[PDB]
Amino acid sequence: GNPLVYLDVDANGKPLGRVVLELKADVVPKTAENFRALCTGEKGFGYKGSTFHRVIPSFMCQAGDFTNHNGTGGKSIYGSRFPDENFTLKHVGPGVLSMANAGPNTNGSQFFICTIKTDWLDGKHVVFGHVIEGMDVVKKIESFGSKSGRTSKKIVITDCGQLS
């Protein structure tokens, strides 16, 4: 079946808990595979040790820039960027996992977890999974955001990997 992966998240060096994500490899296999491998770190790089650098309450929590830690960086397992696979899955509500980008066909490693329905991103960002467990952790992360996206605590993915 579809992969299950996890992110263990600290805020200011203390654990918040675990976010478990189902990756919809049946719908977006290339996008799911990228995220899966970045969680395990099996290509020699990935999300371990990186941050949620942009968090906006009542919108989303963004992470995945493991090269520049500020929204400008990241890379995929395929190369620096890869195409929009499809827009079949929609930003239906809280817990949606979707790719951040800088316009069409600029997926790398950055991603966000929605804390509300973000319908205006449908057709612009590739949705590829959702939160199975740990929305409480996501709400904690969200609470450390701001309108500007600047976080008020340092939010770090201390560990990540694949459960199945």
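All residue numbers are counted from 1 along the displayed sequence.
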Practice problem: Select between 16-24 and 138-146 the stretch whose C-alpha atoms have the higher average B-factor in the entry. | Solution: 138-146
Exercise. State which stretch shows the higher mean Cα B factor in the entry: 32-40 or 128-136.
Key: 128-136
Quiz item: From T67, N101, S98, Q62, can you pick the one with the highest C-alpha B factor in the entry?
Solution: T67
Quiz item: Split the chain's modelled residues into thirds by Cα B-factor; is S76 in the lowest, middle or highest one?
Solution: lowest
Quiz item: Among the chain's modelled residues, which third holds the C-alpha B-factor of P57?
Solution: highest
Practice problem: Sorting the chain's modelled residues by C-alpha B-factor, tell me whether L163 ends up in the lowest, middle or highest third. | Solution: middle
Self-check item: Ranked against its chain, the third holding the CA B-factor of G46
Solution: middle
